[PDB]
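Trainee: For reference, the file target23.cif (mmCIF, C-alpha atoms) is included below:
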```cif
data_input
#
loop_
_atom_site.group_PDB
_atom_site.id
_atom_site.type_symbol
_atom_site.label_atom_id
_atom_site.label_comp_id
_atom_site.auth_asym_id
_atom_site.auth_seq_id
_atom_site.Cartn_x
_atom_site.Cartn_y
_atom_site.Cartn_z
ATOM 1 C CA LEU A 1 162.332 72.432 -207.347
ATOM 2 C CA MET A 2 163.424 74.495 -204.345
ATOM 3 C CA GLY A 3 163.293 77.685 -206.368
ATOM 4 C CA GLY A 4 165.333 80.077 -208.422
ATOM 5 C CA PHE A 5 167.175 79.981 -211.687
ATOM 6 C CA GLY A 6 168.388 76.708 -213.128
ATOM 7 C CA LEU A 7 171.713 77.422 -214.808
ATOM 8 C CA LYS A 8 173.913 75.206 -216.945
ATOM 9 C CA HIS A 9 176.997 77.230 -216.020
ATOM 10 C CA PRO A 10 176.457 78.507 -212.488
ATOM 11 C CA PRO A 11 178.661 81.095 -210.853
ATOM 12 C CA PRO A 12 181.839 79.108 -210.300
ATOM 13 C CA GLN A 13 182.772 77.956 -206.834
ATOM 14 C CA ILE A 14 185.401 79.974 -205.000
ATOM 15 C CA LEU A 15 187.566 77.791 -202.776
ATOM 16 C CA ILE A 16 190.066 79.220 -200.299
ATOM 17 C CA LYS A 17 192.638 77.707 -197.950
ATOM 18 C CA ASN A 18 195.435 78.745 -195.630
ATOM 19 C CA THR A 19 198.781 77.574 -196.901
ATOM 20 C CA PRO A 20 200.157 75.236 -194.226
ATOM 21 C CA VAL A 21 203.246 76.426 -192.381
ATOM 22 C CA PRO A 22 205.445 73.740 -190.788
ATOM 23 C CA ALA A 23 206.592 74.114 -187.197
ATOM 24 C CA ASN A 24 210.101 73.403 -185.935
ATOM 25 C CA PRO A 25 211.323 70.469 -188.044
ATOM 26 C CA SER A 26 213.896 68.328 -186.300
ATOM 27 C CA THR A 27 217.530 68.608 -187.316
ATOM 28 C CA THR A 28 218.138 65.029 -188.423
ATOM 29 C CA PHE A 29 216.333 64.002 -191.583
ATOM 30 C CA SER A 30 213.123 61.969 -191.527
ATOM 31 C CA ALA A 31 211.042 60.906 -194.509
ATOM 32 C CA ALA A 32 207.668 60.876 -192.746
ATOM 33 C CA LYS A 33 205.544 63.923 -193.505
ATOM 34 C CA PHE A 34 204.964 66.737 -191.033
ATOM 35 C CA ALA A 35 202.355 66.028 -188.384
ATOM 36 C CA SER A 36 202.595 69.422 -186.648
ATOM 37 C CA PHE A 37 201.942 72.895 -188.021
ATOM 38 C CA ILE A 38 201.594 76.431 -186.790
ATOM 39 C CA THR A 39 198.009 77.029 -185.702
ATOM 40 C CA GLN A 40 196.782 79.978 -187.723
ATOM 41 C CA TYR A 41 193.723 81.410 -189.418
ATOM 42 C CA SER A 42 193.041 84.226 -191.828
ATOM 43 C CA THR A 43 190.355 86.851 -192.256
ATOM 44 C CA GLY A 44 189.322 89.717 -194.486
ATOM 45 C CA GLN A 45 186.495 91.235 -196.448
ATOM 46 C CA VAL A 46 184.614 89.742 -199.388
ATOM 47 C CA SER A 47 182.644 91.777 -201.922
ATOM 48 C CA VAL A 48 179.961 90.288 -204.164
ATOM 49 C CA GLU A 49 178.128 92.410 -206.719
ATOM 50 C CA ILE A 50 175.336 91.193 -208.980
ATOM 51 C CA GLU A 51 173.565 93.112 -211.734
ATOM 52 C CA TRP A 52 169.899 92.192 -211.979
ATOM 53 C CA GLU A 53 167.673 92.860 -214.972
ATOM 54 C CA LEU A 54 164.009 93.623 -214.361
ATOM 55 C CA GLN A 55 160.721 93.350 -216.224
ATOM 56 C CA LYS A 56 158.860 96.597 -215.700
ATOM 57 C CA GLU A 57 155.237 96.288 -214.604
ATOM 58 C CA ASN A 58 152.810 97.523 -217.246
ATOM 59 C CA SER A 59 149.167 96.896 -216.511
ATOM 60 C CA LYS A 60 145.778 98.527 -216.797
ATOM 61 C CA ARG A 61 144.050 97.098 -213.715
ATOM 62 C CA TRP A 62 141.707 99.717 -212.291
ATOM 63 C CA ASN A 63 141.536 98.873 -208.604
ATOM 64 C CA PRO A 64 144.571 98.851 -206.306
ATOM 65 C CA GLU A 65 146.848 95.847 -205.977
ATOM 66 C CA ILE A 66 148.077 93.927 -202.991
ATOM 67 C CA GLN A 67 151.428 95.094 -201.667
ATOM 68 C CA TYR A 68 153.868 93.883 -199.043
ATOM 69 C CA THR A 69 153.332 96.104 -196.013
ATOM 70 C CA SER A 70 154.893 95.970 -192.569
ATOM 71 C CA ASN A 71 151.998 96.364 -190.123
ATOM 72 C CA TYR A 72 151.759 99.706 -188.314
ATOM 73 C CA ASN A 73 150.794 98.336 -184.902
ATOM 74 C CA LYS A 74 153.122 99.061 -181.989
ATOM 75 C CA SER A 75 155.231 96.102 -180.866
ATOM 76 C CA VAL A 76 158.155 95.265 -178.584
ATOM 77 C CA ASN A 77 160.560 94.707 -181.488
ATOM 78 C CA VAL A 78 160.366 96.137 -184.982
ATOM 79 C CA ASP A 79 160.432 93.509 -187.702
ATOM 80 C CA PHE A 80 163.679 92.889 -189.598
ATOM 81 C CA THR A 81 165.700 94.751 -186.993
ATOM 82 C CA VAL A 82 168.120 93.956 -184.201
ATOM 83 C CA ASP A 83 166.803 93.220 -180.734
ATOM 84 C CA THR A 84 168.132 94.666 -177.494
ATOM 85 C CA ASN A 85 170.916 92.070 -177.376
ATOM 86 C CA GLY A 86 172.014 92.651 -180.959
ATOM 87 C CA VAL A 87 170.556 89.533 -182.555
ATOM 88 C CA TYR A 88 169.187 90.214 -186.033
ATOM 89 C CA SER A 89 166.027 88.246 -186.749
ATOM 90 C CA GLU A 90 163.810 87.796 -189.789
ATOM 91 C CA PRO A 91 160.196 87.644 -188.575
ATOM 92 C CA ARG A 92 158.455 85.854 -191.450
ATOM 93 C CA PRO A 93 159.217 84.453 -194.911
ATOM 94 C CA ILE A 94 158.555 86.836 -197.769
ATOM 95 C CA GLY A 95 157.352 85.317 -201.004
ATOM 96 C CA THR A 96 157.781 87.246 -204.216
ATOM 97 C CA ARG A 97 154.267 87.024 -205.680
ATOM 98 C CA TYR A 98 152.042 90.042 -205.031
ATOM 99 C CA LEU A 99 151.509 91.953 -208.261
ATOM 100 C CA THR A 100 148.777 90.403 -210.354
ATOM 101 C CA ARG A 101 148.814 89.696 -214.077
ATOM 102 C CA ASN A 102 145.784 88.277 -215.826
ATOM 103 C CA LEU A 103 146.304 84.705 -216.934
ATOM 104 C CA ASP B 1 136.675 118.575 -241.575
ATOM 105 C CA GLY B 2 132.911 118.229 -241.751
ATOM 106 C CA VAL B 3 129.880 116.739 -240.087
ATOM 107 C CA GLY B 4 130.998 113.251 -241.062
ATOM 108 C CA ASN B 5 134.649 113.433 -240.088
ATOM 109 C CA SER B 6 135.271 113.061 -236.367
ATOM 110 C CA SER B 7 137.144 115.852 -234.637
ATOM 111 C CA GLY B 8 139.136 113.982 -231.993
ATOM 112 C CA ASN B 9 140.060 110.546 -230.713
ATOM 113 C CA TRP B 10 139.384 109.208 -227.240
ATOM 114 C CA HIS B 11 142.569 109.428 -225.176
ATOM 115 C CA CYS B 12 142.572 107.966 -221.719
ATOM 116 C CA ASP B 13 145.984 106.710 -220.674
ATOM 117 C CA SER B 14 148.693 107.043 -218.057
ATOM 118 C CA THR B 15 152.330 106.673 -219.035
ATOM 119 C CA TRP B 16 155.233 106.625 -216.586
ATOM 120 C CA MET B 17 158.273 107.866 -218.528
ATOM 121 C CA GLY B 18 160.797 108.059 -215.679
ATOM 122 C CA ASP B 19 160.901 111.223 -213.640
ATOM 123 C CA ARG B 20 157.663 112.501 -215.191
ATOM 124 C CA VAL B 21 154.247 110.849 -215.467
ATOM 125 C CA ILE B 22 151.698 112.011 -218.030
ATOM 126 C CA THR B 23 148.096 111.467 -217.027
ATOM 127 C CA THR B 24 145.337 111.778 -219.581
ATOM 128 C CA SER B 25 141.621 111.462 -218.986
ATOM 129 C CA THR B 26 138.613 111.814 -221.268
ATOM 130 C CA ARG B 27 134.956 112.151 -220.349
ATOM 131 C CA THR B 28 131.594 112.791 -221.972
ATOM 132 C CA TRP B 29 129.615 115.831 -220.821
ATOM 133 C CA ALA B 30 126.131 117.238 -221.356
ATOM 134 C CA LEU B 31 125.278 120.918 -221.036
ATOM 135 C CA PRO B 32 121.689 122.071 -220.467
ATOM 136 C CA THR B 33 120.442 125.655 -220.749
ATOM 137 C CA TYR B 34 120.517 127.510 -217.448
ATOM 138 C CA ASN B 35 118.172 130.341 -216.478
ATOM 139 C CA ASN B 36 116.549 130.241 -219.929
ATOM 140 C CA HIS B 37 119.551 132.148 -221.318
ATOM 141 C CA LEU B 38 119.423 135.167 -219.006
ATOM 142 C CA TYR B 39 121.343 136.502 -216.030
ATOM 143 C CA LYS B 40 119.716 136.740 -212.619
ATOM 144 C CA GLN B 41 120.866 138.136 -209.309
ATOM 145 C CA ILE B 42 120.343 135.857 -206.324
ATOM 146 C CA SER B 43 120.263 136.726 -202.649
ATOM 147 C CA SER B 44 119.543 135.237 -199.253
ATOM 148 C CA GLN B 45 115.877 134.376 -198.844
ATOM 149 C CA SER B 46 114.008 136.876 -196.637
ATOM 150 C CA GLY B 47 116.328 136.601 -193.668
ATOM 151 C CA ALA B 48 117.752 133.650 -191.777
ATOM 152 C CA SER B 49 120.929 134.472 -189.873
ATOM 153 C CA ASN B 50 123.244 137.450 -190.043
ATOM 154 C CA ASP B 51 125.998 135.078 -191.143
ATOM 155 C CA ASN B 52 124.101 133.510 -194.027
ATOM 156 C CA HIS B 53 123.184 136.585 -196.071
ATOM 157 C CA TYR B 54 124.658 136.597 -199.553
ATOM 158 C CA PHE B 55 124.308 138.590 -202.761
ATOM 159 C CA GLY B 56 125.425 137.497 -206.196
ATOM 160 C CA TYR B 57 124.567 136.748 -209.791
ATOM 161 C CA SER B 58 123.790 133.451 -211.517
ATOM 162 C CA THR B 59 124.893 133.326 -215.130
ATOM 163 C CA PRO B 60 123.625 131.005 -217.868
ATOM 164 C CA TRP B 61 127.199 129.922 -218.530
ATOM 165 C CA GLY B 62 128.685 126.694 -217.243
ATOM 166 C CA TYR B 63 132.223 125.565 -216.652
ATOM 167 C CA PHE B 64 134.531 122.572 -216.392
ATOM 168 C CA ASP B 65 136.295 121.724 -213.145
ATOM 169 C CA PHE B 66 138.805 118.877 -213.135
ATOM 170 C CA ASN B 67 140.252 120.229 -209.892
ATOM 171 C CA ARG B 68 139.946 116.893 -208.037
ATOM 172 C CA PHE B 69 142.689 114.274 -208.246
ATOM 173 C CA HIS B 70 140.744 111.111 -208.936
ATOM 174 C CA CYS B 71 139.720 112.637 -212.230
ATOM 175 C CA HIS B 72 143.267 112.130 -213.440
ATOM 176 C CA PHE B 73 144.548 109.156 -211.433
ATOM 177 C CA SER B 74 142.975 105.747 -211.393
ATOM 178 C CA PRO B 75 143.175 104.152 -207.947
ATOM 179 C CA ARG B 76 145.974 101.939 -209.225
ATOM 180 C CA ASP B 77 147.880 104.822 -210.802
ATOM 181 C CA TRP B 78 147.404 106.566 -207.490
ATOM 182 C CA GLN B 79 148.936 103.602 -205.689
ATOM 183 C CA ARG B 80 152.058 103.642 -207.840
ATOM 184 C CA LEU B 81 152.661 107.355 -207.409
ATOM 185 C CA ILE B 82 151.967 107.210 -203.704
ATOM 186 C CA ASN B 83 154.121 104.228 -202.763
ATOM 187 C CA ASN B 84 157.218 104.815 -204.863
ATOM 188 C CA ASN B 85 157.693 108.585 -204.673
ATOM 189 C CA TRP B 86 158.461 111.277 -202.118
ATOM 190 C CA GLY B 87 156.903 114.199 -203.947
ATOM 191 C CA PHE B 88 155.138 115.307 -207.091
ATOM 192 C CA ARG B 89 154.138 118.591 -208.659
ATOM 193 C CA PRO B 90 152.363 119.313 -211.949
ATOM 194 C CA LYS B 91 154.204 120.768 -214.920
ATOM 195 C CA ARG B 92 151.933 121.452 -217.874
ATOM 196 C CA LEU B 93 148.437 120.544 -218.970
ATOM 197 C CA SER B 94 146.470 120.560 -222.199
ATOM 198 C CA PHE B 95 142.704 120.691 -222.538
ATOM 199 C CA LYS B 96 140.555 119.589 -225.451
ATOM 200 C CA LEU B 97 136.853 119.741 -226.312
ATOM 201 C CA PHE B 98 135.680 117.631 -229.245
ATOM 202 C CA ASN B 99 132.794 115.861 -231.003
ATOM 203 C CA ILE B 100 130.272 118.486 -229.998
ATOM 204 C CA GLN B 101 126.682 117.701 -230.926
ATOM 205 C CA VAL B 102 123.688 119.909 -230.246
ATOM 206 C CA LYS B 103 120.261 118.382 -229.737
ATOM 207 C CA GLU B 104 116.889 120.107 -229.827
#
```
Output the file's structure as structure tokens, nothing else.
Mentor:
Amino acid sequence: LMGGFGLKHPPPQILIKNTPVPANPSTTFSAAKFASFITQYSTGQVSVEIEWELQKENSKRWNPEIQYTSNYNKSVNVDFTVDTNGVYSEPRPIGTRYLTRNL
Amino acid sequence: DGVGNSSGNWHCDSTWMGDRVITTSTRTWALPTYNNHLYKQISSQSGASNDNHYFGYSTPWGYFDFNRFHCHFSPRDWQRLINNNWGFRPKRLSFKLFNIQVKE
């Protein structure tokens, strides 16, 4: 209902966790499990690549279509670009339906 | 060949192969008789301005000029070429005259 491609076998979930590292266990033995660990985090790059297939547009309509066009009027901030403080902002939602096929 | 068999088929199409686009266009023309089949020189009437004098000949012949773009490109085919491409140049053309009929 939200949108997109209903799949029976979606791209599988990728779960990730830091392996816990204990911290300074006492010398004498105790059965209770460790309540204290090294405080640590991890970081690194992630690369996702998807190959899309397209349906080429083949039509005979005479007059020109509607297209998605960023307006040419001068403004303080360009759309879809960083501002002066570095905060990237999307100005408006972009639907996918512009080209016109006859019903 | 003959009066009954037609000489050529109407081709008006635009195909976008990949790098190259092939634009075809077909029209129907009508050619009168100019100057009653005789040459004439023409020149500036009496006089008007020094700049506007001209001398030349007017032949009975007539010619085809497809030199404008919109002959070849439909407004939509123009929109595709214009929005998706940096540059375009022509490569080769072919010209065809068919189904001629003379009427008296």
Trainee: Can you build me a table of chain A residues sitting at most 9 Å from chain B, with the closest atom pair per residue and its distance in Å to one decimal, using all atoms listed in the file, sorted by chain and residue number, as JSON lines?
Mentor:
```
{"residue": "A:60", "atom": "CA", "partner": "B:76", "partner_atom": "CA", "distance": 8.3}
{"residue": "A:61", "atom": "CA", "partner": "B:76", "partner_atom": "CA", "distance": 6.9}
{"residue": "A:62", "atom": "CA", "partner": "B:76", "partner_atom": "CA", "distance": 5.7}
{"residue": "A:63", "atom": "CA", "partner": "B:76", "partner_atom": "CA", "distance": 5.4}
{"residue": "A:64", "atom": "CA", "partner": "B:76", "partner_atom": "CA", "distance": 4.5}
{"residue": "A:65", "atom": "CA", "partner": "B:76", "partner_atom": "CA", "distance": 7.0}
```
Trainee: Using Å and a single decimal, report how far atom CA of residue B:7 sits from atom CA of residue B:100.
Mentor: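 Atom CA of residue B:7 lies 8.7 Å from atom CA of residue B:100.
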Trainee: What does the structure give for the distance between atom CA of residue B:65 and atom CA of residue B:25, in Å to one decimal?
Mentor: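 Between atom CA of residue B:65 and atom CA of residue B:25 the gap is 13.0 Å.
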Trainee: Which residues come within 12 Å of residue B:93, counting all atoms listed in the file, excluding same-chain residues fewer than 6 positions away, as a PyMOL selection string?
Mentor: chain B and resi 21-25+66+72
Trainee: Do you know which residues the PyMOL selection byres ((chain A and resi 17-25) around 8) returns on this file, as a list in words?
Mentor: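 Output of the PyMOL selection byres ((chain A and resi 17-25) around 8): residues 15, 16, 26, 27, 34, 36, 37, 38, 41 and 42 of chain A.
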Trainee: Applied to the shown file, which residues does the PyMOL selection byres ((chain B and resi 40) around 12) return, written as an MDAnalysis selection string?
Mentor: chainID B and resid 34:39 41:43 55:61
Trainee: To box stretch 92-98 of chain B, take all atoms listed in the file, fit an axis-aligned box, add 3 Å on each side, and give centre and edge lengths in Å to one decimal, as JSON.
Mentor:
```
{"center_x": 143.8, "center_y": 119.5, "center_z": -223.6, "size_x": 22.3, "size_y": 9.8, "size_z": 17.4}
```
Trainee: Restricting the calculation to all atoms listed in the file, which member of B:70, B:51, B:20, B:63 is positioned closest to residue B:88?
Mentor: B:20
Trainee: Neighbouring residues of stretch 70-78 of chain A were defined as those with any atom within 12 Å, considering all atoms listed in the file; residues of the same chain fewer than 6 positions away were excluded. Please report them as a list in words.
Mentor: residues 84, 85, 86, 87, 88, 89, 90, 91, 92 and 94 of chain A
Trainee: I'd like the interatomic distance between atom CA of residue B:11 and atom CA of residue B:96, to a tenth of an Å.
Mentor: 10.4 Å
Trainee: Looking at B:45, B:9, B:33, B:3, which one is nearest to residue B:101, with distances taken over only C-alpha atoms?
Mentor: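 Among the listed residues, the smallest separation from residue B:101 belongs to B:3.
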Trainee: Go through A:80, A:48, A:68, A:59 one by one, measure the shortest atom-to-atom distance of each to residue A:14 using only C-alpha atoms, and give the residue with the smallest value.
Mentor: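 Of the candidates, the smallest distance to residue A:14 is held by A:48.
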Trainee: Would you fill out stretch 89-100 of chain A with N, CA, C and O atoms and return it as a short mmCIF file (atom, residue, chain, number, x, y, z; two decimals), in the coordinates of the input?
Mentor:
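Generated file (selection23.cif):
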```cif
data_model
loop_
_atom_site.label_atom_id
_atom_site.label_comp_id
_atom_site.auth_asym_id
_atom_site.auth_seq_id
_atom_site.Cartn_x
_atom_site.Cartn_y
_atom_site.Cartn_z
N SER A 89 167.00 89.30 -186.54
CA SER A 89 166.03 88.25 -186.75
C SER A 89 165.06 88.62 -187.86
O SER A 89 164.57 89.74 -187.93
N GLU A 90 164.79 87.64 -188.73
CA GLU A 90 163.81 87.80 -189.79
C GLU A 90 162.47 87.27 -189.30
O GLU A 90 162.38 86.08 -188.97
N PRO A 91 161.44 88.10 -189.21
CA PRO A 91 160.20 87.64 -188.58
C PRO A 91 159.43 86.60 -189.37
O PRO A 91 158.94 85.64 -188.77
N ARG A 92 159.29 86.76 -190.68
CA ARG A 92 158.46 85.85 -191.45
C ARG A 92 159.03 85.71 -192.85
O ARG A 92 159.78 86.58 -193.31
N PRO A 93 158.72 84.61 -193.54
CA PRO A 93 159.22 84.45 -194.91
C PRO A 93 158.45 85.34 -195.87
O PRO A 93 157.24 85.51 -195.74
N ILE A 94 159.16 85.90 -196.84
CA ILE A 94 158.56 86.84 -197.77
C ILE A 94 158.59 86.23 -199.16
O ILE A 94 159.63 86.23 -199.81
N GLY A 95 157.44 85.77 -199.64
CA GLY A 95 157.35 85.32 -201.00
C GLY A 95 157.40 86.48 -201.97
O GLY A 95 157.24 87.63 -201.58
N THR A 96 157.62 86.18 -203.24
CA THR A 96 157.78 87.25 -204.22
C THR A 96 156.52 87.57 -205.00
O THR A 96 156.55 88.50 -205.81
N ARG A 97 155.42 86.86 -204.80
CA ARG A 97 154.27 87.02 -205.68
C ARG A 97 153.19 87.85 -205.00
O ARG A 97 152.47 87.37 -204.12
N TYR A 98 153.07 89.10 -205.44
CA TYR A 98 152.04 90.04 -205.03
C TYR A 98 151.35 90.71 -206.20
O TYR A 98 150.13 90.63 -206.32
N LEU A 99 152.10 91.40 -207.06
CA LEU A 99 151.51 91.95 -208.26
C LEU A 99 150.76 90.88 -209.03
O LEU A 99 151.12 89.71 -209.02
N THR A 100 149.71 91.31 -209.71
CA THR A 100 148.78 90.40 -210.35
C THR A 100 148.76 90.67 -211.85
O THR A 100 148.51 91.79 -212.28
#
```
